[PDB]
Structures are given as structure tokens and as C-alpha cells.
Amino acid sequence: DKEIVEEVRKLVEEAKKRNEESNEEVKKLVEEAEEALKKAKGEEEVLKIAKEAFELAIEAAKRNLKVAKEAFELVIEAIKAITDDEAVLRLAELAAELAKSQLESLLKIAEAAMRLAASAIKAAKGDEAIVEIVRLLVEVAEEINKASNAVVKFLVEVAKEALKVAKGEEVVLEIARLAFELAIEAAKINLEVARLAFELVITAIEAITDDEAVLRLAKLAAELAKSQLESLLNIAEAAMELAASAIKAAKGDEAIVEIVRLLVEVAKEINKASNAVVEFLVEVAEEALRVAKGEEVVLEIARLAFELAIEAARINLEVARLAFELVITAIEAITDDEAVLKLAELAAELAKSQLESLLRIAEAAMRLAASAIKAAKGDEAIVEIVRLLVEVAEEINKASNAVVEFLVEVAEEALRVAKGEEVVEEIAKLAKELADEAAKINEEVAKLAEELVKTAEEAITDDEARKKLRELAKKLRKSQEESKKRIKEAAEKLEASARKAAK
């Protein structure tokens, strides 16, 4: 019991002092390369130094996983024994502290690699050398996400094992709460390494002369942005299974509402981290549009940033769909009309989050195009930017509709189980408001898009381009009116469900 609770306690301490030595050997490793870069008078030699230095950091990241995986595998073993639920919780808190250490050590590795790339950029005179540096840094940061998610997948595995042994309810809520906070902590570690790597691409831009490399730094920025977004999506998928497994061993209804309530909060941090990395991506594009002197390059930047924004709305949508099936699952294990009414609210709260998240994506692609207009000269290239823009807007309506239909699908299940009359009435109340909040976003998006076509029409002369820009304005109002219709039809389908299920 305590003779093996003390054992894992001593295993975590050494694993944390190995991590403390892990990035210690990395800080010394970076300073050496910085000393060599400072003195090495070369250009193919600045790259070979950064290359093998980035590779040493990638290996040290794979080392931290070899420690954490062997350490987590041991914690699982000590859970196989131990009868006391009062001492599984001890073992569960020890695993959370361990994974928070590996992720802190992983962030510290990327920060040291972040320094090395900047040292490689000063001692690099050619544009071709700068771009090969950033392409090597994106390689390191992409393995930092992969190791960060691996630590998360192995922690939520430790939680799953401790849940099967858990007999008491309050022990389960603690296990769930402890491992949700780690997914949240890991979500912010991923956002930290994104902002760092994005600011390096900025300093890489400020050293570039040609317009060719500026496009290659935007492509390299778009690569990391999808990498950061899918890395957060995997985190969301990790907390989903932990939420489902925490419910299979959940005692009663109050424990399941609280498990879903904690689940929603994680899905929030995923939306707020997704938003923050999309804004960061747009600034790098804005820093790259300001310096671009050619329209053949300006178009390629906005088009790449809009693909990111579109893919952001789709990952915003999957995280919603992940959290919505889980809410449906929780309703299946609820016997109280009070705890099923409190599962519809937390669903309608996760819906308002995805829409405010969708809007912030839209607002980001707005100022992206706005900067593209100013960096564009000629009515033709201006219209194509608006074209690529309302494409983003059309995928904001569709993702909004899908967000509402997912919520109505959840209301349809809570209704079928709500055997009480005021519950049927309450579920319908809090549901139609998300449709009013949906049409409110659909109008906010349109106003935003309305300012942009007016902006484009001002910097336009060639009458034909005005006809093209007029066909897009008609296109945009068309898509948001359809989206407005597909939202009323959802509330109409749902208003005829409190009718059936109630007297």
C-alpha cells in the first residue's frame, strides 16, 4: 500500500531530475553551437551546425518520451496492486505531476532550439540559408507537438487504468479533474511553442530580400499552423476517451454532469488555443504581405492563410463533434431529469464557444484580406482576394449550421429522456437561444465581410472588376441567407419535439 505509494513517489523525483538534466544538456548544447556560429566564417557551415544541433534536440525530445513512457508504464503496474482507493488517488496525482514535468521539459527544449535558429539566422547572409534554417526549425517544433501529445496519450492511459480500480465516486472525479488539467496544460504548451516558432519566422522574414523566400516562409508558417491545429485536435480526442472511460465507472448522476462539465472546459481551451494559433499565423502573413513587392507573391500568401482559416473552422468543427457525441453518451447514463437538463446546458455552452471561436477565425481572415488589399495594386488581383475571402466566409456559415444541428441533435436526445414537463420546456428554452446566437454570429460575419467588399471597391477602377466584385457580393448574401434558413429549420424541427414529448 504505502510501501508502493512511496516507490512511485521516488520514481517521479528521479524522472523529474532526469528531465532537469535533459534540457540542461540542451542549454549547454545550444551555447556551444552559438559559440561556433559566432566564430565560423562560412555559409554552408552555419547550416551544418544548426542541422546537427536541431537533430540533437529532436533526439533529446525522443529521450524525454523514453523516460516518460517507462515511468508511466511503471505507475500503471503499481496501480494493478493496491486495494486502497484513497491511495490510487495518490498514485494518480503523482502521474499528473510527472507529465507536467515532461511537458515543461519539452517546452524548454523548443525554446533552446528557438535560440539556435535565431543564432543561425544572424550568421546566415543568403536567403537560401535562412529558409533552410526555418524549414529545419519547423521540423523540431513538429516533433515537440508529437512528443507533447504522446505524453498526453500516456497520461490519459494511466488515468484509464486507475479508473477501473477506482470503486469510490469522489476518487473518480479527482482522477478526471487531474487529467483534464494536464490536457489543458498541454494545450497551452502547444500554443506556447507555436507563438515562439511563429516569431522566428518573423525574424527570418526581416532578413529576407527576395520575394521568393517570403513565400517560402509563409508556406513554412502554414505547415506549422496545420501541425499545431491537428496537435490540439489530438489533445481533444485524448480528453474525449478519458471522459468516456471516466463515465463508465461513474457512480451517479451528479458525478456525470461534473465529468461533462470538466469535459466542456477542456473543449473550450481547445477552441481558444485554436483561435490563438490562427491569429498568430495571420500576423506572419501580414508581416510577409507588407514586405512582398509582387502580386504573384501577394496572392499566394492570402490564399495560403485562407486555407489555414478554412481548415481551422473544420478542426473547430471536429472538436465540437467530439464533445457532442460524449454529451449524448452522458445522457444515456442519466436517470434524473435534473442531471439531463444540466447536460443540455453544458452542450449549449460548448456551442456558444465554437461560434465565438468561429467568429474570431472570421475576424482574423478579415484583417488578413484587408492587409492583402493594401499590399495589392490593380483591381484584378484585388477581386481574387475577395474571392478567396468569401470562400472563407461561406465555410463560416456552414460550420455554424453544423454547430447548431449538432446541438439540436443533442436536444432531441435529452427531450426523449426528459419524462418531466418543465424539463421539456427548459430544454426548448435554452436551445432556441443558441439559434438566436447563431443568427447573431451569421450577421456579425456578414457585416465584417460587407466592410471588405466596400474596401476592395474603393481601390478599384476597371469597370469589369466592379461587375466581378458585384457577383461576389450577391454570392455572399446568398450563402448567409441559406445559412440563416438552415438555422430556422433546425429550431423548427426542434420546436416540434417539445410538442411531441410534452402534454
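Start at 1 and count along the sequence shown; that's the residue number.
Higher mean CA temperature factor, per the PDB entry, when comparing 417 to 425 with 230 to 238: 417 to 425. Looking at 179 to 187 and 210 to 218 together, the entry lists the larger mean B-factor for 210 to 218, computed on C-alpha atoms. Across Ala243, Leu98, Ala87, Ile315, the entry's maximum B-factor at the CA atom is seen for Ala87.
Within the listed group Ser357, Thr335, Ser400, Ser105, the record reports its top CA B-factor for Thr335. The deposited CA B-factor of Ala92 belongs to the lowest third of values across its chain. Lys467 sits in the highest third of its chain by CA B factor, as recorded in the PDB entry. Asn275: CA B factor lies in the lowest third for its chain, per the PDB record. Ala129 sits in the highest third of its chain by CA B factor, as recorded in the PDB entry. In the deposited entry, the Cα temperature factor of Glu286 sits in the middle third of values across the chain's modelled residues.
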